[PDB]
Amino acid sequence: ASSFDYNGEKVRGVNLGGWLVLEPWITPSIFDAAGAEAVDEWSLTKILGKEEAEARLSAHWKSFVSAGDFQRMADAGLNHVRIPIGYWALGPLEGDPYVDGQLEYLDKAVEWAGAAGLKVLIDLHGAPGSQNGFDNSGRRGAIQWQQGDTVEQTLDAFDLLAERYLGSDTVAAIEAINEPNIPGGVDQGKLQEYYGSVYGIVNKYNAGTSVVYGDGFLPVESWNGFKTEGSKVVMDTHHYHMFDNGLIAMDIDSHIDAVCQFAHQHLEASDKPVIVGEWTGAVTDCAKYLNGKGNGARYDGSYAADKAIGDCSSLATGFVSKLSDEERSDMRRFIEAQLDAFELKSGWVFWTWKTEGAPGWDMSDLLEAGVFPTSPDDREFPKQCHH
């Protein structure tokens, strides 16, 4: 029934973060070229105006990703690419600063992914009004998704996206919405209705396509009993160690233990396939603009009055060649542990393929540096998490 057997085959993926939905920490140069107030795609496009925005963003859409990216992904042993796209690619709302033109590039991605033997997971990453208040939704600040006609507008966009892509076997799965922020104020009951509607849309166009649901930052197993359907419905949980005070304080051994505990207590408790649809090699929040442009870092005490653990100058910018052998070794230990833990359930999708230099966050960097394994058998350290 299913284009990809999420029940019985492991996902090994990367995200194309920052490509069709721009994010300051992923491409700081583009935001900094429009000044201090350009802190998300909304403000960036608004500052530039429609003509200049289309010029600068389209330059990036074209240059950031080629067919050779996808071939390198396949060479790294991957079988999936998760591709963020904003609602505005399917038509900016009246009054939106956003420009479109992204779909021509997503069309190319589907072609290139197919040629390389990869599946694509299309991810609706930003919804009208913002589902999370994060910069990566398009507009940081408030959560106004579920107000007014925002949800209907989201479904209108989703429908067009599904219609456009679900005729291709390359597109194995589609995600309802990236990181709906339940603790931030998204209503779960209404979210579940949106999920029900998304499932109907997918089944109008191709019942063979899997539907991906984010856990909304609730424990993934809490979603037991909702749309439990084998390979058809896949939960997406995002697992990071730098956005919580407990995890960020850990040493490498403790980080690794926490990954295994997460797999055993959460991934293995879900009644559905669960991809870890975002995770990374970094263990600090030092990357420039990671908490938002104009915000600092927990790690060095510059965010939320957290107490400094260490300095961020080494890990804020640049490429892992700048680090020591031991630092790369520890980073690889943490990556191997996640690969093995997350393959206990349904697999994994690394965040992200490519940056302007954010140590531990850039798979293309880590691969070339020998930090990222290229197969399940490619292990420099003992297996850290077991059945």
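From 1 onward, residues are counted along the sequence shown.
- For the segment pair 306 to 314 and 167 to 175, the entry gives 306 to 314 the higher mean B-factor, averaged over Cα atoms.
- Per-stretch averaging of Cα B factors for 90 to 98 and 232 to 240 places 90 to 98 on top.
- Considering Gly196, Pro273, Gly246, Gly225 together, the PDB entry gives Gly246 the largest C-alpha B factor.
- As recorded in the entry, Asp257 carries the highest CA temperature factor of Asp135, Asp257, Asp123, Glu278.
- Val39: CA B factor in the middle third of modelled residues in this chain (values from the PDB entry).
- Remark: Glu356 belongs to the middle third of its chain, ranked by C-alpha B-factor as recorded.
- Among the modelled residues of its chain, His60 has a C-alpha B-factor that falls in the lowest third, as given in the PDB entry.
- In the deposited entry, the Cα temperature factor of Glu104 places it in the highest third of its chain's modelled residues.
- Among the modelled residues of its chain, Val202 has a C-alpha B-factor that falls in the middle third, as given in the PDB entry.
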